[PDB]
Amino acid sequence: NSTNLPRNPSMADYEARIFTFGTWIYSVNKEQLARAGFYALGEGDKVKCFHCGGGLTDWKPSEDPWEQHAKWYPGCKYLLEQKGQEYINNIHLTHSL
């Protein structure tokens, strides 16, 4: 019929997300992480996408969350929505060496 809404529709609001990044000890921008649909799980730099539940760790001190979301989770709709299919495609294209 119609499909694909978020698994944890309680992390849909940016506020709810930066909420968790209060005790964030990492140089990976909390805001860009939250703004990218991410939220800390409570262990390490372990985050997830609120929509596609895509998990990410091992963040480099200067990674751009938006680039990572594309790469690891191309089929996220939230990503598609905020960034558009060219972005995702462009990211993946630059990757190629």
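C-alpha atoms forming the largest set that superposes within 1.5 Å between two forms make up the rigid core. Just count from 1 along the sequence shown to find any residue number.
Asks: Using RMS Cα distance over all structures and residues, flag whichever of 56-64 and 30-38 lies farther from this form in 6 other deposited structures of this protein after a core fit.
Replies: Clearly, after the core fit, the stretch farther away in 6 other deposited structures of this protein is 56-64.
Asks: Could you say which moves further from this form in 6 other deposited structures of this protein, stretch 79-87 or stretch 18-26, by root mean square CA distance after aligning on the core?
Replies: Higher root mean square deviation of C-alphas in 6 other deposited structures of this protein is shown by 18-26.
Asks: Of the two stretches 42-50 and 26-34, which shows the higher Cα B-factor on average in the entry?
Replies: Going by the record's values, the stretch with the higher mean is 42-50.
Asks: Quick check: 81-89 versus 11-19, which has the larger average CA B-factor in the record?
Replies: The recorded data point to 11-19.
Asks: Place residue 57 in the lowest, middle or highest third of its chain's C-alpha B-factors, as listed in the PDB entry.
Replies: Middle third - that is where residue 57 ends up once the chain's C-alpha B-factors are sorted.
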